[PDB]
Amino acid sequence: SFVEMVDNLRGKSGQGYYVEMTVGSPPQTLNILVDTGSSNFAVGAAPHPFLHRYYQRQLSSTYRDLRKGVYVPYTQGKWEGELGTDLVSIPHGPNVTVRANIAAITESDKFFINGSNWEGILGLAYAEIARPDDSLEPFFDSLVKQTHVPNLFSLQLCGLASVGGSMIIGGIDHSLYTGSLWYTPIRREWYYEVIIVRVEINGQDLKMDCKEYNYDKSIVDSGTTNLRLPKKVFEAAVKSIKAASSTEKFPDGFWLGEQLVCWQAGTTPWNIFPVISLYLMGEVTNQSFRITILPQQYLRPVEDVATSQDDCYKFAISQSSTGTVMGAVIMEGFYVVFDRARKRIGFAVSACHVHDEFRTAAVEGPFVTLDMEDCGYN
Ligand SMILES: C[C@@]1(c2nc(NC(=O)c3ncc(C(F)(F)F)cc3Cl)ccc2F)CO[C@@](C)(C(F)(F)F)C(N)=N1
């Protein structure tokens, strides 16, 4: 039941949200990062200083070796391993056991994070971006094929350092959001690719050709902390946020995410910072809806006992050369429905949210733009 799935996610702020899973027979319990930005189920399978436990294939009678290596290098770090299949279950997910592909990580460099409490990654995106290639069926594809679970999942990421949330597999739990769910089409089934049609900072349009917001794609990624923007959009956004917050001046390093800004505990001047709205393409021509975030979402607290006389924050909007990434900055405080069956992503205000007494994060619409331009970059 969905009620049994509520609060099945845990994590440390900015370290990743994870769900408990079991692999093998007899079952081995592991904490697994929920990642909508990748498509491999990859688990630590050898000792590592940052791993409390790991997958021991020799203890699983149901393990099957696929006799195929896999090497996956990312911008920061890389993982090498071996492919196989085994029985997998989600103790606080659907009441089912399925056979799924598993990449057993045997060597890695700067992939596992100290103190993150996760031992692998559940890539929830599509086969097109699976490694080594699209013939390696992702976990959610196997789950849907082998069971009667509907082809949809939803995430309620709720932003001390400990975080929580819910991953609801096979449905939408109405207790997790308020107001209406607004849907944007999935443009291509690879990443969860979407289209942004307008960006406003404190109600002021950035006034760019909308293709700039999607250069070269825009994705929804629970495996990325920041709201990451293409260079041109990022520079305009920083200029606009600086203009709104000009009563206080911060080091250049802050706007580049290289330095923290600190205030005496409880004194953060939230009202000098603007709201940011991303307008997403609707399901109907030239209609859109907006997602509006507050500074409590894009100025992320950095927990550190040593600086705890203050509240210290990192600016969580950053530049990208690979397109827009709607990471946790966007997802936390919203209930996000990955409706794979209908090729669409829904957004609603979450039951767990940031609102202070002046402003509230929102999901609202509809908005019309009679300008007929397609905002898709490719
Ligand atoms: C597979 C890959 C990947 N992701 C992570 N993620 C995290 O550790 C992480 N996750 C969520 C959050 C929070 F919840 F706070 F947002 C904070 C963190 Cl710090 C770690 C290793 C790794 F290889 C590739 O890199 C990206 C980012 C890719 F570049 F592909 F986008 C991705 N999506 N998945």
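Only heavy atoms go into these numbers, but all of them, side chains included; no hydrogens, no water, no symmetry mates. The first residue of the sequence shown is numbered 1, and numbering continues consecutively from there. One-based numbering, in listed order, for ligands and for the atoms of each.
For ligand 1, residues of the protein lying within 4.0 angstrom by heavy-atom distance are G14, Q15, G16, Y17, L33, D35, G37, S38, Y74, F111, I113, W118, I121, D221, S222, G223, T224, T225, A328.
Remark: aromatic rings of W190 and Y126 are distant, center separation not under 6.0 Å.
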Ring pair (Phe, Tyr, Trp, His ring centres under 6.0 Å), that's the test. Do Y279 and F367 meet it? Break it down for me. CA-CA 9 Å; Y279 289 66; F367 295 89; 5.0 Å; yes
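For the ring pair (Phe, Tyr, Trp, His ring centres under 6.0 Å) test with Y313, the passing option among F254, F273, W270 is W270; the others fail.
The residues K231 and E235 are annotated as salt-bridged, a charged nitrogen and a carboxylate oxygen being separated by less than 4.0 angstrom.
No donor-acceptor contact under 3.5 angstrom links the side chains of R64 and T85, judged on distance only.
Classification of the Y192-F153 ring pair by plane angle, with boundaries at 30° and 60°, yields perpendicular.
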